[PDB]
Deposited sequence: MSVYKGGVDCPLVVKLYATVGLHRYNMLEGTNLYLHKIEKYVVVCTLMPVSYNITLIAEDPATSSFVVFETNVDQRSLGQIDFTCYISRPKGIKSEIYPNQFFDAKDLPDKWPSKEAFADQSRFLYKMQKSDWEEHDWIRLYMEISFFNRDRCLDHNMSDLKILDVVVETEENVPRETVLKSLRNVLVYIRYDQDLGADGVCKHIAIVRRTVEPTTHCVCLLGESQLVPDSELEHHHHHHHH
């Protein structure tokens, strides 16, 4: 069967397309992928089938991702479109902690404390959590249903309506507090992910780091 990283990158590609086009294409299957390894796998060219329930059609779809790390989120999605751009990455440091109360009080910074309904209606938040969890240890037999979102904060560069933060493909910094179900209790996680979007190409770069809650 298909490696989890390929399924996740296919879903990232559908995320980029759906957000830019206002569509609801869902992953049906992976047909094939080509990976370039300069020892490390650095590029994936994935051919996938998406389902479009609005027309009951299955659309062959191409996604291209360049990957720069195996141990944390660090990749760029360059192409994501029906089948038939220059390098873009993020070099600036990530915050190492959840935003403090003073970050909210700082009127030059725009932070959005999400409600459960907000992340339930916009599943790219769950996607970024799932990719973060995967990069903690890619050798595990991941069960994404063990993950439960507890709190989400998004930071933008501009003072915009909450709907824009959730629905438009713009630059965001996402903080996700989530529990991993263990019988042996739960494990407490925080993921921090910066999405940067190239203004003309709309290429999407994700840079992320994960931490455990004491």
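Comparing the deposited sequence with the modelled residues, the stretches lacking C-alpha coordinates are 1 to 8, 93 to 98, 197, 230 to 242.
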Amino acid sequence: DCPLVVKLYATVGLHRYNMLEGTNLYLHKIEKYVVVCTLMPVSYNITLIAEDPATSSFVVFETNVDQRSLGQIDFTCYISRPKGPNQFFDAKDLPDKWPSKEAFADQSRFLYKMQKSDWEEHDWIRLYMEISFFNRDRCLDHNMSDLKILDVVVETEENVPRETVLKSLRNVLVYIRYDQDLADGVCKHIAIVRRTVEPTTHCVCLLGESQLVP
From here on, numbers count along this sequence of modelled residues.
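143 to 151 and 50 to 58 differ in mean CA B-factor, and the higher of the two is recorded for 143 to 151. The stretch 99 to 107 shows the higher mean C-alpha B-factor when 99 to 107 is compared against 126 to 134 in the entry. Across the options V36, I176, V65, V186, the residue with the most elevated CA B-factor in the record is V186. Sorting the modelled residues of the chain by their CA temperature factor places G22 in the middle third. When the modelled residues of the chain are ordered by C-alpha B-factor, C2 sits in the highest third. When the modelled residues of the chain are ordered by C-alpha B-factor, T200 sits in the highest third. The PDB entry assigns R81 a C-alpha temperature factor belonging to the lowest third of its chain's modelled residues. Placement of the Cα temperature factor of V42 within the chain: middle third of the modelled residues, per the deposited record.
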